[PDB]
Every structure is written in structure tokens, then in C-alpha cells.
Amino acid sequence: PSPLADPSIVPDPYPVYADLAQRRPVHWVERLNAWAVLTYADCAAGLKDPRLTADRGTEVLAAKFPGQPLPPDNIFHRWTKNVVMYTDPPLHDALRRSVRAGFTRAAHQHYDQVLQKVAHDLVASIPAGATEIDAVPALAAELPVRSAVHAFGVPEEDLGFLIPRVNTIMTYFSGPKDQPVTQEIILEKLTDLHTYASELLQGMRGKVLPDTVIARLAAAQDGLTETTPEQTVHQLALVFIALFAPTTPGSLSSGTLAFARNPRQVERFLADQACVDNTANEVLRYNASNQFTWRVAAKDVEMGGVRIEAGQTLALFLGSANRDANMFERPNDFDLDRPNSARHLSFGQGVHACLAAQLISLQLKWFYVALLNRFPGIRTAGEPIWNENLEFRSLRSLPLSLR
């Protein structure tokens, strides 16, 4: 029976992952209804294997809410089948092209400057007399909200509608434990996000700041030719879920803990620009916020000495891959000088590689620039406490002393 279903692994899964990567690199996890895949080689290839489909909403819903299927007209199915995350090419590619305007090279030039300033302002807001802070609420949870506002364009006045709704939806992704919120309530909130997205574009909600992702997407709508207005609304709902997910806070807080525990890495960061430039990637490698991602077998595949049959579900453990010593020597070292940190799988790989990958790497870079030049002496001031979630793993508390 799999140690991956043991909630006690969440604060430090890596010794278990390393053991299983060696002995049981692909094996069954009954509480996921899926094959766990633990090695870098199998995860990286699996993400790019056309025999594995992204079309998995039915299967994953069956794993998480067995006995509660939904018909094709249901919001869950209409949403999953019309967003990039859960579609294969060709539809995937039409959907991804439809959001290009938010993510161009020129847009990222602008986002670079915004995120520099936003991170600057955050860190500069910490009062002079502060030696102690809980870096989760104060920083890790805060920066992504400020980025949502200033870079993505989510109206600040609408955050009270969005943040609790995305928190509720995200309980879908609670890993191999009981679902804390009923399916019925998740679907209500998913529906609410579609109503909000549609109304936002119509000008019935808040005011979207100019030159942000959402402003650029709004302006692109008249010229779209291969996708529908419903499809924009589905895609915006996915964007809000991703923007307010614990992914970005987890990356920020786990990287902050890494620096706090590895002061010589602070020294490296402050000495060498190449170590700044590698910070986002080494932070993302060190702890994947999304520790596993789902796939379904569209055809039979053989992985890790196991024949997986068409129709079976797979859990690709990105978090284990990232610490596989066969790819990353001394994988438990947080090392800014590591030469291949960019090879991490925290954003996935291939067709579905994170749409926001550069946005988030900018956010991380600028955060650590601001934080570590202000407070190079960061250290722990108590025990970091993790959320009870393997699937989207993040710190709930990170007590620090800043000097």
C-alpha cells in the first residue's frame, strides 16, 4: 500500500520519493485511482508522450468524487473541454493562440518593469522596527495578489469575490485524502467564476488596469477567428483559478525557507548576477508547488516495468522528478550555481508548459532581489508549518527573523 497516500509525508516528501523512485518507480496508488510516476526520465517523457492525453476530466473526477459523475452539458465538462489545460491538439493550439496577446515579448517587457516595482514596494513596506514576520501571509501570499492586480489586471475591488471562490475550487486538488468540500459547492463556485469573467469583460464588474494581461486579452476579442466567446470565458475562469492558487505563494515561501536555511546561498545571490538569474529556476526545482499532475493513457504504454492500459490514470510526480539524483546531482542541495536548474518540471513541459512561466519567473526574481538586498540575514524564528495537501503543496506559516 502506497506511502504516497500517507499524510505524514507532506512536510518532507523527498526521502519517500527517493526511496520509491528507486524501488517502485511506477506503482499503483489506490486513493488516486492512478499509477504514480516518480523518476525524472519517466515524468519528462510522460509530459511529452502523445500516448498520454490531457483530456482527463472524466477520469480525475471519477478518482476524486467516485459515484458522482456529471453529464456533458455540466459546467465541469464544458469548462474542462474548452480550456488549454485539459485539451489535446488541435483544439489546444487554437485555444492557446487565442490568449497570445496577453503574453507577447512586448507584454513581458512591460510586466518585467511592473513586477520589479510591485516587489520593491512590498518589501519596502516592511517597517524598520520589524525583526519578526510570518512570511506566508505577509509576503508569499501577498505578492501574487499584488501581481494579479498590477500585471494581470484583476480589479482590486473584485478580490473579495475571487479569492474565497478560488480557495474553495482549489479543494478539488487536495491529493489522496477525503474531499473537504462537496462537489455541488465546487460547481457553484466554478459557475460563479464564469459569470464574473463574462460580466468583467462586459464592464459590469471592476475596472481592469491598462496594459495588463486581462486588458490585452479584452482588446484581442474582436479579432479572434477560431474560438468562441464562451471559450474566452472558460479560459478566463482557468486564469483566475491559476492566479489565486497556492502555487505562486508556495514557490515564494519555500524559496524564502531555502534561503533562510542556506545563508551561503544568500551570499552567492549577492555576489554573482548569474546566481540571481538562476534563482527562480532553482527555487522552482527545489519545491514544485504542484507536486503531481494528472494524465490518462490514450493508448497502452510501458513505464517502469509496468504495462499501463489505455484508459488508466497516471499521476506524474513533478516534485519527485525535480529531486531525482540521476538528473540533479546532490538534489537536496539548494544551489544557485547548479548548471541545469532550468530543466525542472515545476511548470510542466511541452504542449501544456505553464502559460505564465516567464511572468512567474519575473515575480520570483524580483521578490528575492528586493528581499535579500534589504534583509540578507533572514533566518527561521520557529517551525515552518505545511498545509495538509500533497497535490498543491505550500507552507501555511513561515516564522522568520529578518535581522
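The numbering used is simple: start at 1 and walk along the sequence shown.
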Inset, instruction - For the higher mean C-alpha B factor in the entry, choose 388-396 or 21-29. - result: 21-29
Inset, instruction - Using only the Cα atoms and their B-factors as the entry lists them, report which of 44-52 and 361-369 averages higher. - result: 44-52
Legend entry - Highest-ranked of 166, 237, 220, 280 once sorted by CA temperature factor in the record: 220
Legend entry - 214, 241, 197, 122, ranked by C-alpha B-factor: the highest one: 197
Inset, instruction - Compare the C-alpha B factor of residue 285 with those of the other modelled residues in its chain, then answer lowest, middle or highest third. - result: lowest
Legend entry - Record-listed C-alpha B factor of residue 312: chain third: middle
Inset, instruction - Going by the recorded CA B-factors, say which third of the chain residue 378 sits in, lowest, middle or highest. - result: highest
Legend entry - Relative C-alpha B-factor of residue 161, binned into the chain's lowest, middle or highest third: middle
Inset, instruction - Please rank the C-alpha B-factors of the chain's modelled residues and tell me whether residue 131 sits in the lowest, middle or highest third. - result: highest
